[PDB]
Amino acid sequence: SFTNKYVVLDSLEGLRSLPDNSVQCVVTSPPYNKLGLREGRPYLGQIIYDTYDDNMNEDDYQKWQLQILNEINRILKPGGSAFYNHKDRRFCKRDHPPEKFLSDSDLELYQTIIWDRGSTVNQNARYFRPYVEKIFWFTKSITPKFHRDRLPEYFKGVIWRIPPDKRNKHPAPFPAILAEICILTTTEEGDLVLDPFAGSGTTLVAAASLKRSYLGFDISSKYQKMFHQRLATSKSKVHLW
């Protein structure tokens, strides 16, 4: 059977190692290029990854993310789903939303989900408190498989109220229950779940607890070890249940 694994590898190199039409569900949150959007100007609370400075020319960052999304479109099975978590950023005192580059991809946007994180450290009073991230639910372009009946009532809507995972030592993770919602509704046991920016391995832990197959890529061997330790101490608990 397929060997589930977290591979230390560049995300595009990993995606290009997968055949067409081979992944049922992708759940992922890329680096957000906050430092790079600022042209390298430091800021308080700056996200610094183990082996990545998050400081790419913004136009090049957008082209890179488009290549990622286009590879995801290739590797998705017909009827599969890709959940891409991003957030509105700020550029020159104006909104800088992900939609400005997402719309050019081969993937077809099925629905935008709102992740309500409840609170944010950013209390700048020049705008409303920005505690929302977006989860773009894409499907392949050539309705997706979706079983909303599997969810509790409080996750059947387009706003998901999930607090950030403050106990996770990774600098910018998402909670396990977020990945669980995506996986449970769009896959069957044994189906392949992929996270090409696996980080602390949240998507893979969720897939494992739900008895789905899993594959993750990240460039940090420290984060791979973080996943392995987390998997070992996971009692296969599903946080939804």
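For every residue, the number given is its place in the sequence shown, counted from 1.
In the deposited sequence, the stretch from residue 142 to residue 143 hides 4 to 9 residues that have no coordinates. Across the two stretches, 47-55 and 185-193, the PDB entry reports the greater mean Cα temperature factor for 47-55. Mean CA temperature factor is higher for 86-94 when stretches 86-94 and 116-124 are set side by side in the entry. Reading the B-factor column for the CA atoms of 151, 162, 159, 102 in the entry, the top value corresponds to 102. The PDB entry gives the largest Cα B-factor of the residues 73, 81, 168, 111 to 168.
For residue 40, the recorded CA B-factor ranks within the highest third of the chain. Only modelled residues enter the ranking. Compared with the other modelled residues of the chain, the Cα B-factor recorded for residue 21 ranks in the middle third.
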